[PDB]
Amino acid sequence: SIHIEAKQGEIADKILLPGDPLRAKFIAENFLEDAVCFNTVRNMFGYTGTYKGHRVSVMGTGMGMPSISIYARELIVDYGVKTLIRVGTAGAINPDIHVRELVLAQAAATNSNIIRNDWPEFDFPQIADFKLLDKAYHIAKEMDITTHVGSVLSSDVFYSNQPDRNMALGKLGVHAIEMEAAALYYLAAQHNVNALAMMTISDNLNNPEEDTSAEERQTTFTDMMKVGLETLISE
């Protein structure tokens, strides 16, 4: 509420969180059944529908950690959401990681200040809920999806002034760069709920001429959606 106009009962307790409101709309119309809209405020589309009989929601979060922090907080605190899965795109910085592959974020590095401001004495890692991470991995492997489990970097600055520094992380077990996961993981830890972030590599920052084919782009997305949805409804 304040940023979400939904009444109580309109949002399921388990939600998929793409960055793009139009992606949410796309998921709602093609992977859920009987999906209906629950939010239009600031054009941040959200839908509740059914997957394999399970009530499931999906909504966009906008870009960057402040944005997703606002929406995840309201979902958790005002609508009692307990399971949250980010499904998104990222750029690969680990050279062994190629375009279209799947990354599951065991942890999220960040150059943000959101955690450090609250915890100045610490390096305080933001982590995925293990059981979610482990279920997603098992499901992905059954589908023979090329999957990588590791850290991602949740960055504040898409147009970075220090890209070499970012790239150097790729040699130390940090797979891909994204903008949201650390914030989501932090809120989940604060409110004791369960979060996972997953992404397909859309760009290989180590190899710019690694291209993708759109149709291929929709197979991969379909693959990720089912990992995402099966993980979301597993109990």
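Start at 1 and count along the sequence shown; that's the residue number.
Visitor: Higher mean Cα B-factor in the deposited model: 184 to 192 or 198 to 206?
Guide: The deposited B-factors put 198 to 206 ahead on the C-alpha mean.
Visitor: Out of 87 to 95 and 105 to 113, which one has CA B-factors that are higher on average in the deposited record?
Guide: Higher mean C-alpha B-factor in the PDB entry: 87 to 95.
Visitor: Among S154, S151, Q126, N161, single out the one with the highest C-alpha B factor in the record, please.
Guide: By C-alpha B-factor in the record, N161 ranks first.
Visitor: Ordered by C-alpha B-factor within the chain, which third holds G173? Give me lowest, middle or highest, please.
Guide: Ranked within chain, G173 CA B lands in the middle tercile.
Visitor: Against its chain's modelled residues, does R73's Cα B factor rank lowest, middle or highest third?
Guide: For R73, whose C-alpha B-factor we compare with every modelled residue in the chain, the answer is the lowest third.
Visitor: Quick check for you: using the entry's CA B-factors within this chain, is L132 in the lowest, middle or highest third?
Guide: Within its chain, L132 is a lowest-third residue by C-alpha B-factor, going by the deposited values.
Visitor: For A24, return the chain-relative third of its C-alpha B-factor as stated in the PDB record: lowest, middle or highest.
Guide: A24: CA B-factor falls in the middle third of its chain.
Visitor: Taking the entry's C-alpha B-factors for this chain, is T50 in the lowest, middle or highest third?
Guide: Highest third of the chain for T50's C-alpha B-factor.
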